[PDB]
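[1] how would this look folded up:
(chains A, B and C)
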Amino acid sequence: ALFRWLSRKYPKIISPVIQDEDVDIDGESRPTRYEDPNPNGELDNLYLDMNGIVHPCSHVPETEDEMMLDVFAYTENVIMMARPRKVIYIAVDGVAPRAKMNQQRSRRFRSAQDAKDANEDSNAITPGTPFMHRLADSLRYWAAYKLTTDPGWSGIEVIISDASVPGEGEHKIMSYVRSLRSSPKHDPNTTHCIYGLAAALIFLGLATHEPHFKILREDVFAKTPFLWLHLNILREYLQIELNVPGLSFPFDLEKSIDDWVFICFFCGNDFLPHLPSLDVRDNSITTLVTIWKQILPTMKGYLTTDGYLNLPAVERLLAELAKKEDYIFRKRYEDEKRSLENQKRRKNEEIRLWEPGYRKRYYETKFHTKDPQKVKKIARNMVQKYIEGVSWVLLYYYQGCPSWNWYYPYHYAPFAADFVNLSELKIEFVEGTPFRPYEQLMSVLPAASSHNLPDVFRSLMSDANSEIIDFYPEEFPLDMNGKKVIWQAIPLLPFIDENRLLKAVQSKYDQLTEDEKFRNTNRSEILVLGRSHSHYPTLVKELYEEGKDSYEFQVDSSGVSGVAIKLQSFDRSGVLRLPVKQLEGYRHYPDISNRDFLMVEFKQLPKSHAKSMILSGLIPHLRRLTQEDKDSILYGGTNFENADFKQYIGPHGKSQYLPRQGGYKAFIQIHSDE
Amino acid sequence: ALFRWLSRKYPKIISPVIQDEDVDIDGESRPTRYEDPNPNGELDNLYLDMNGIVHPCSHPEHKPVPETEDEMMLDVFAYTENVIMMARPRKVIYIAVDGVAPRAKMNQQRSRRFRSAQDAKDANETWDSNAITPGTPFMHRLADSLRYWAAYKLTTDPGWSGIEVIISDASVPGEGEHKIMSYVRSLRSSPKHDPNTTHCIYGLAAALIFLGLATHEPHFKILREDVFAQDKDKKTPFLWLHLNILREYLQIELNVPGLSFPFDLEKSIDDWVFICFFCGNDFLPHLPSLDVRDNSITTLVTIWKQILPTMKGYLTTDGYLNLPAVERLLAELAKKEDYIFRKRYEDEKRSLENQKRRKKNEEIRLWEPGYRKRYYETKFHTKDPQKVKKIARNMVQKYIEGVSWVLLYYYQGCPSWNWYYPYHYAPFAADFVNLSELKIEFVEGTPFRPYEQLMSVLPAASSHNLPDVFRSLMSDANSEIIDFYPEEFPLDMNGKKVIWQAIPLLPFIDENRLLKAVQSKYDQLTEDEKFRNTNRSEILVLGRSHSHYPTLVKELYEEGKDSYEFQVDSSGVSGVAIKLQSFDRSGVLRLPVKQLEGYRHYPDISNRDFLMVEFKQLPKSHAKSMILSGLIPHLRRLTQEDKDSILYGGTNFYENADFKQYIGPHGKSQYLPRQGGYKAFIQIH
Amino acid sequence: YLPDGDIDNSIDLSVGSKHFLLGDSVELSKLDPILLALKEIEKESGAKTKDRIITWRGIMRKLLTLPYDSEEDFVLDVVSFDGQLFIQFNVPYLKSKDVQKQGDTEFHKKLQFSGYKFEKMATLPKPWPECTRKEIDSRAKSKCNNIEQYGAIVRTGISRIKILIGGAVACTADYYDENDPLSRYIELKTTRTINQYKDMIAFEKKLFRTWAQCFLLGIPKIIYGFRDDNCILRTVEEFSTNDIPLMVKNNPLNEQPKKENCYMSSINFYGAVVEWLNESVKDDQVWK
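    Numbers count the residues shown, from 1 in each chain, chains lettered A, B, ... in the order given. Structure as follows:
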């Protein structure tokens, strides 16, 4: 949805991918090699969101062995498509925070209803399944094979973050990218690319405040085509768009981006319900942008600073949003009916939002009560939780996970008029620890997926006398309150009580096996290095000869910092065997000994309070946006490809600053022409 | 064209006129008496522009084509009677006829006059349309026609007892709606003026909307027939156009938050009106980047909104410009010049694309960059950069004078009778810099005699109406001013759509030599011609039964007083009255129009039942712009619905009740209850 | 640390001049810190080092600039103690210069304060990762001075004589390189904007002086903050000390070509001066 609006408003941030063909070396039918220059522009790091590959949908291979080879072939293509030169980060979702459990729980329970009507496995992707255990080792073999069987992979690392590592896909990427900035030696002009399908990536890409960033995905509106998504171009758009005049404080686009990213979460995210007066398809983002620009000159400070809210400022933001509820609601009701007679002339009811006083009907019906004190108590509780959610999410995208146990205790969002006197509210978080995968499996898998769950825990999920059977209803109410039937249906389900859930699950771990117990413990990411790589002599000399338990790192040839720990399970003389049985129709993968690569436990630098400002010594690229492009942004209001992709995307030029006014070099060019 | 935008942007301004005939009063559908209550709300004054009635060419859809002047006179009488009947004034009726227009005006319609002559020549290879001009003998017949109708209406109709009629014939200098504007300002300077006077102008030009807001009299409206339903014998519908409601809209629309000075909707409207004059007016060519069809008024308004919080004062104040303020306004517009020109290029070719599926050399290419240089030598045929810089800067100076001249002309009367725009085109908005350096001054001068104005706007093909003596000076090939009258002239298409909106390039009349030749022929004119070539004063006609009637006779006819300051009266008219030497107390007035069958023959009437006095207004005063004391606002027509739809509507361009109760000054308090008022506290609980 | 946003924010350089501080010229010009460093290094070594000349960077910079920038006069004191040379200014000449500074107008005080303020803006007390917003934003409020500063002592050598001098370091580019500190050192100075040929000429003279400064210390990179006549920063330009002679020689706008390169001549003059100093005094003598 948001992708279509981004394409419409910003055309230049999308470009096709030059997949080329077999012949690239000046004709004569020369097959491509990994060392050939990339027509798409050189790239340093590439981060993979493995969900987009492990769950391609497109409803099909029936056995794991059929698709693992397809996964390897598909991933080989995209890596060849972009050709990272320094690092490859592979991220597989771990246990997500409690906040996303409820959103994930609703998605799975809806799929249970989908199966029932189909009666008139795609659920094994969740962490903790035996398929995850098989998949995790599958990646390790693929990484080793590519490094040892390719001349072009000499100086490229592979970092594996499987389901064992806690945290979700993008969060793993976000934490690592920030950790690179914590090292003072970090090279500012490091170029990044990330592959994924989720629409949050555009926002999360701007959170790093690294201009040399880009996002890779296939063409939704289309060999499968792929589309580049250059964020540095997008920064040029936002810098021009979000520079309002008449300011009492100096302009700072770095803080503006944080504000702009912030408001793009009220319109919609995956942790809190959208506001009743807001909808992305209704261009609600432009509504907030116009409001935010209008009110900003009055205030003295920005809405947020490094992921921390300014409660008096944000309370002002949505204050006049309350002034636009009635117009918005009447617009929907007028337009909803008006479309009905359009087809008729040619060849919900409980609240009646268009009519005034909707606030009373909305809370009364949605809560099955009409006591004003009860409504007053509930409505005030609604705001305090919601502001915490916004506070929690904004921290979650700037400072890692701030709370592993927080969740939203209601199914609906309060009206924008309700948020008053927010400064009196007190916000506090407790980080806690992420749940074990088996606990996460029970919290999100529906009643129709006991097979994925361990057989011991199957009883506690479907037993009529199970102490958590109330958490597992076969049939659930569907509060429609939406378009027509199911598009935004709310699966009204009781929120899982941790104390009831945690007490029961911990009483069943004893009768499990060591393979399951090992599969129910958190781990740390691993790193594999090539034999010809520069660090190969260094790490072995220290982690295998000097007997060092651990060895610190800094910015190096790879560009990866952190802490290295020797992998006990790793054997110097061992040989890796492809866990998937070698099928037919694909390239045979020979076993490889450990004499050509090293596997070491990996860690990141200690967490630090990140600052959302551009680093020093940075070099900016050129600019697509010309005067005509700029003019269509300021005065355009509302409205309805391969040149320079080698010397333009990267950090063009060698000067950090720009030649302006009285600069000596700037004097030369202006007086050179004249 | 503007009226379409007003209709689509402000919906509730327009309301149909309740055309009631043979009302069933007490079960009897007898004809409505003039004294019967008006279903359109009671009205006090009424100002009539004779241009909107005496123009058969303006409405050629039907077949009027009156062969004899008598037909026109009687049709005018019937139409005026109908319009007054549906208007129903109670205090004053003002009748206005165009006079000798200011020098800055006839240069416009002189191009318009030649277009008829240009088309007539081509069509050749019905009455004379050009005969509707001051100085013709037709008005001398028309001037007497009005007075007889005024006398007859007063002396017979019982309801017209308290009415007073003021007639300003073509002899009185001044443009039509300018006279109404000047007269209303004269009523403003009287301290005894009633703040709650309800006015109404019957006009056809769209400029009346702005001229209505200039007065700052909230109780005001304009009477106009349905333009959009007349095209798509039977009684023509008319549209009430309540200005007081438009005051409600602009108050919400122009209330930009966060200002360094207190908000003043009264001051804002002058800025809003002044903006609506760049987009187009009869005196100055429109800006190249400004088109009313392109909603340029909204373009300026948005620019005016952002430029305002920084700017410490309003653009205009009581008809006077603030040059530093306006300069900033055009600077923001100067940035949009390139962008605006672009759409007019693509939308031009996009329109060209659509028709394909359904079935002085120009070449500037404004959409291409560098058009600013290419524009001038294309139009001025001079490649010297030095001349262009001097010419463009000088030609900008005239334009600023014009805007200054125009704005004064609608607020403080005519500032100069000799200024005119010496260029055929408007400069680019980017050229408006260093405005404060420019010096602005005017000379009042004196208006022309009607004969001088006749030849200066009439072409060489209509010398028949003009006196025969002067025809030699304008028709002979050896005339010293024959160059002023070319049979054929170059037409500048200027890249328009159709030829009828081109630019008729013509030379500018040399005033100094033109008058000198003309003054030589005064001595050969007849006495009747000389009298018709003399400016005069207005005429006030009062009925015998009127309350103020005995006072006039007591002094102007018994005490022998030469003048008498009328001041405010029962009718609200104020000024100076002078006895008319021509008028005879014991005489009888006869209709100078031959009677026509079936047109309600009007008997002659003696002078014993009415009075005619030469009328003058109060001395000119520097009128300010703010509402008067003691004013009672009308009941508000908007309840929080259009309030939202105008704040956030953005683009809203996609038969109701009587609404008469929303016209008069509802209530009696000058102020309104609010919050901590004692009456309000009682009212709330 | 200095992103482009601050450059676009039009930072003032005249604010705080009324709180400006100035130290004691005589106290600061003393060779005492270098003597402490020599005492320490001899303590670890246990024997007198092979260094022959001990002095400050400013004197040698003046000596390099002498053949082509001789707009000032000076008096220097030379003491050959223990067979090693020691060069410092003349205390009576220090008093004379202080008197001249007293006679100097507020123009010089404002300019030097603006220079110190610009140094304050583009510097951070801690490396960028471990700073906080409070440290970054409150830079303009901290009062500047000319007492606390960081200096470095370098060992070099011309011809056949080892030279051991010291000098102040403005700041480091990104952090401290314990293996090659000179590589990451950065020097900062201010200048007026450039609009006419006289501006290029004066700027080139300043470039020559600063090149002497850095190249004597071996500083690779030099940065100027271009301020207007109103003490408002306008632009920032970067240079490398190796590129300076080439940039001056290869100037496309050099309307007056330089038939002779002044850099080599200055270095030759400095070498001759060093030989003269090493030869003229034998031991336990004081000269001027």
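[2] Could you give the number of residues near residue A:216?
    Look at residue A:216: counted by other CB atoms under 10 Å in any protein chain shown, it has 22 neighbours. Backbone N, C-alpha and C define where each C-beta goes, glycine included.
[3] Can I take it that it is in a strand?
    Yes - counting by DSSP: H, G, I helix; E, B strand; the rest coil, residue A:216 is part of a strand.
[4] my guess is it meets residue A:231, correct?
    No - using CB atoms under 8 Å as the test, residue A:216 is too far from residue A:231 to be in contact (11.5 Å).
[5] quick check: longest helix of the chain.
    Assuming you mean chain A. helix A:372-396 (DSSP state H).
[6] oops, I was thinking of chain C
    Max-length helix for chain C by DSSP H is helix C:197-217.
[7] Return the list of helices and strands in contact with it.
    Applying 3 or more CB pairs under 8 Å, 6 or more residues apart in numbering or on different chains; DSSP states H and E, we find helix C:197-217 packed against helix A:664-673, helix C:57-65, strand C:150-158, strand C:161-169, strand C:185-192, strand C:221-227, helix C:243-249, helix C:262-280.
[8] In JSON lines, list these along with mean neighbour count and distance to chain B.
    Output for these, formatted as JSON lines (neighbours: other CB atoms under 10 Å in any protein chain shown; distance: least, CB to the nearest CB, whole Å):
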{"stretch": "helix A:664-673", "mean neighbour count": "14", "distance to chain B": "17"}
{"stretch": "helix C:57-65", "mean neighbour count": "20", "distance to chain B": "48"}
{"stretch": "strand C:150-158", "mean neighbour count": "14", "distance to chain B": "46"}
{"stretch": "strand C:161-169", "mean neighbour count": "18", "distance to chain B": "46"}
{"stretch": "strand C:185-192", "mean neighbour count": "20", "distance to chain B": "29"}
{"stretch": "strand C:221-227", "mean neighbour count": "22", "distance to chain B": "28"}
{"stretch": "helix C:243-249", "mean neighbour count": "15", "distance to chain B": "36"}
{"stretch": "helix C:262-280", "mean neighbour count": "15", "distance to chain B": "45"}
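[9] could these go into CSV alongside distance to residue C:31?
    Output for the helices and strands packed on helix C:197-217, formatted as CSV (distance: least, CB to CB, whole Å):
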stretch, distance to residue C:31
helix A:664-673, 36
helix C:57-65, 10
strand C:150-158, 11
strand C:161-169, 8
strand C:185-192, 22
strand C:221-227, 26
helix C:243-249, 29
helix C:262-280, 16
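[10] In the stretch 101-250 of chain C, which residue sits nearest chain A?
    Chain A sits closest to residue C:193 of the stretch 101-250 of chain C, with a gap of 3.0 Å, by CB to the nearest CB.
[11] Determine which residue lies closest to the centroid of the chain.
    With no chain named, the answer covers chain A. residue A:170 (3.6 Å; CA atoms, centre = their mean).
[12] wait, I meant chain C there
    residue C:213 (5.0 Å).
[13] follow-up on the earlier one: may I see the buried residues of the longest helix of chain A?
    Of all the residues in helix A:372-396, those buried under the rule 16 or more other CB atoms under 10 Å in any protein chain shown are A:375, A:378-379, A:382-396.
[14] ok, now stretch C:120-137?
    So stretch C:120-137, judged by 16+ other CB under 10 Å, has buried residues C:120-122, C:128-129.
[15] restrict these to those near chain A?
    C:128-129 (CB under 8 Å from any CB of the partner chain).
[16] Could you list the contact residues of the stretch 301-450 of chain A toward chain C?
    Residues of the stretch 301-450 of chain A lying near chain C (CB under 8 Å from any CB): A:305-306.
[17] of all the residues in the stretch 301-450 of chain A, which ones are close to chain B?
    Near chain B, when you scan the stretch 301-450 of chain A using CB under 8 Å from any CB, you find A:324, A:326-327, A:330.
[18] if we go to 7 Å?
    Within the stretch 301-450 of chain A, the residues that sit near chain B (CB under 7 Å from any CB of the partner chain) are A:324, A:326-327.
[19] Neighbour-wise, which one of the residues you listed leads?
    residue A:326 (19 neighbours).
[20] So what does that residue have for phi and psi?
    phi -60, psi -40 (degrees, to the nearest 10).
[21] Do I have it right that it meets residue B:641?
    No - taking contacts as CB atoms under 7 Å, residue A:326 lies outside contact range of residue B:641: 8.8 Å.
[22] what's the distance between the closest residue to residue A:660 other than its chain neighbours and residue C:6?
    Nearest in space to residue A:660, with sequence neighbours left out and distances taken as CB to CB, 6 or more residues apart in numbering or on different chains, is residue C:235 at 4.8 Å. Here residue C:235 is placed at a distance of 12 Å from residue C:6 (CB to CB, to the nearest Å).
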